[PDB]
Each structure stands twice: as C-alpha cells, then as structure tokens.
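Given next are two forms of a protein chain, the same chain in both, each as structure tokens and marked structure 1 or structure 2.
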Structure 1
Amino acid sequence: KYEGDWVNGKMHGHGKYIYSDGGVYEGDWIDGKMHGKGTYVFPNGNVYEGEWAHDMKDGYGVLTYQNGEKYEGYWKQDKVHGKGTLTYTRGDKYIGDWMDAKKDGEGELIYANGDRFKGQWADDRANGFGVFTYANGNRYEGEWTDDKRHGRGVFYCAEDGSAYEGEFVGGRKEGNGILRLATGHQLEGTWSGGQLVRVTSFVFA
C-alpha cells in the first residue's frame, strides 16, 4: 500500500508505504526509492528517523530500538558507519568511530556508574592503545586485545596510590612486572593470574 505523491511512473515526493512484512515508511521518495528524510517503523518495534538514499539508511539518523537501546549518528547504505553514539539500555554510551556496524577506529565508552574509557577499537572491541578510568580513581593505560587488557600496560590503584607496570594477558597481570608505590619505591616481581606470586627485588627512590 502506498499513499502519497507520484511523478512519472514512480513514487516521487512524499508518501506513506506499508511493506509486505508490516513495516511502515513515511517520508521522502525519489524515483520509487526511499530517498531524503523519513521515519520507518519496523515489525520488531525498532524505529528509524533520519536520512535515506537509494532505499537505504544513509546520512544522519536515529534508531530507537525496542530493546531500549538507541543509536544517533551516521549511516552508509543501511549500516551505521562513521561517527555515532550508541546509548545502551542501562545508560552506557559509546561515542566514536563505526565501520560496517562495528565499533572500529577511535571511540569512548562512558559508563553510567562513572567509569570511562577511550581508545582504539576494531571488530567491535577494544584493540590497541586505550585508557580506562574508574570512578574511584583506578586507571589502566596500555594495550588492549579483544576488549581485554592485553600487552604492555600500567594499572594504578588509587586506594593504595600504587601502580603496576608490566604485561597483561587476557585482562590479567602476568609475568615479570614492576610495582611502584606512592613513595617512589618499586618492587620487581612475577605475577600469575593477576596475583603477585614472587617478589624478586626491592628498588629504591
């Protein structure tokens, strides 16, 4: 069903269209394709209000999911792409680069609880250098692989004023590391499974 403007033999102008699956589009048409600005209500409850080109979401658009989520940002050919903000169901926001619907490039994750992250992303996960700052003041800085602390990094416990500098495997302190205390002293040791299992030396300030 179509209720709107016709030009030549195509839908062209403004009009509402009801799709075979039950979706509904109201907005701009050009040569029989969704093109310009219009809103689209999906059978699953998702709603898109934004810009279309050649029957696809393209340009700036807002997708209010029914599962509570909400994306505001840029699209190319029906996939989020470029700069955009995802507000998760429970308040957390991602703000940064997207590629083919995946977080890829540079981005922030601002959590509701006060925590905050900024770093490199790839394949929808933290991959590369990034800083995680907790609300209490704890902070990680270093390499990430697959959303986990992984590689060379520094973790600072704001409670004790101390900092670990060493390797991380799968989000856990692993191997030979340095433990710097607030007073400047260091402890060289070996970590396994994120736990200090052997102290080898005590270095002075």
Structure 2
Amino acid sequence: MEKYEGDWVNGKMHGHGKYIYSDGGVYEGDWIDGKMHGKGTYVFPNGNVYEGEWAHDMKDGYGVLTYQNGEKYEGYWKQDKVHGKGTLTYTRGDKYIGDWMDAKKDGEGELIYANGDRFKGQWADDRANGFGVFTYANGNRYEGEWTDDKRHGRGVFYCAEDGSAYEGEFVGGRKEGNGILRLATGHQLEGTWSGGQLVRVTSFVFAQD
C-alpha cells in the first residue's frame, strides 16, 4: 500500500511532499503536476539513494547517486540518464571525470585508475575513441589515436623497461606496419612490424647527435 504526505494543488501533488511507494523506498522534496520536480531525495528499495534536481518525474540537472556499494556519481542528468559533465567513482577506487552522453562516456574525459594508471583523451560509446594519452603505473606511456579502447592508428609508445620510444602505425592495440624505434643509446630503426614483432628493417642509423 502506497501513501503521500504533502501539499495538494488542483487535484495533484504540488509543492513539498513525502511519498512512500508500493515497493519499499520513499521520496521527499518538490512536486509539480503530481510528478517529482525540483530539488528532492529518493531512497530506493535496493539501498541506492539519489539527492539532487528532478524534472517531469525523472533526474534532470545536477544530482548525486550513491549506490549500496562504494559506486557514486556526482554530475548532471537529463531524463533519468547521466548526461553532460559528471564525476563517477567506481567501487574499485577508479574515477572518471568529464563528458557523458546518454549514460555513456562521450567527449573529453580523464579516467584515473586505483592501480596508478591514468588515461586522458576523447571518448565515444563509453570507450576511448580519437586522441588520448595513457600513462601506465610502471612508467610506460602511450600518446596518439584510439579505436574502441585500443591503440589504433598513428601513436608514440615509450617502454620504461628499455627506454626505446616507438613512432608509427598501431592495429588492434599492437604496433603493425611502418614505424620508427629509438633506443636510449640514440640507435634508431625504421621498417615494418607484424602483430608487435619487427619483420623488416628499412633503415638502421645511429646519429646520437
């Protein structure tokens, strides 16, 4: 059995009001035309809680959704979906700050991982797409083009293990086709890579300069 305690206008809930839904979990805050509208808080049966701005019975504008588990989103909503600027903390400790579209990461975004890794760059369909920089915990670093959370196209990868930066084509997160490899010495290699293994050397200069 559902129930309400608040302000009535015309024949509908309007103004401040607290509402208990048939399923466990309540709402307290602002109402317009019998819909949740304005600043209010919802406590869900599943233990999740939203407090922030509503419009036409949905989360719209700035709001904070904290989950039963660590997960917490602080940012903007449009029609009950995460939309625009937003910061999401994952249970893991990983954090995304940046641009959301239709409950997916889309645009400029920085994801700082709990393992010390961090990526900043362009996102599309909730995955890295376009330019970006991944800096690995170990000291390895990528800078260049991404396709579907994979290093794809022209990129520069540095390997902390042996120095030796690579400049060239990437395919499916591995270096493929023409490229250049500088080692810490000043030794450079030009040629072709096949699935991350060097096949052919075009040039083999030194020129430390």
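Structure 1's sequence is the ruler for residue numbers, which start at 1. Whichever C-alpha set is largest while still superposing within 1.5 Å between the two forms counts as the rigid core.
After superposition on the rigid core, the Cα atom of residue 62 is displaced by less than 2 Å between the two structures.
With the core held fixed, residue 154 shows a CA shift below 2 Å between the two structures. Here residue 178 exhibits a Cα shift of 1.1 Å between the two structures, evaluated on the superposed rigid core. Per-residue C-alpha deviation between the two structures, core superposed: residue 20, 3.1 Å.
In the rigid-core superposition between the two structures, residue position residue 198 carries a C-alpha shift of 4.7 Å.
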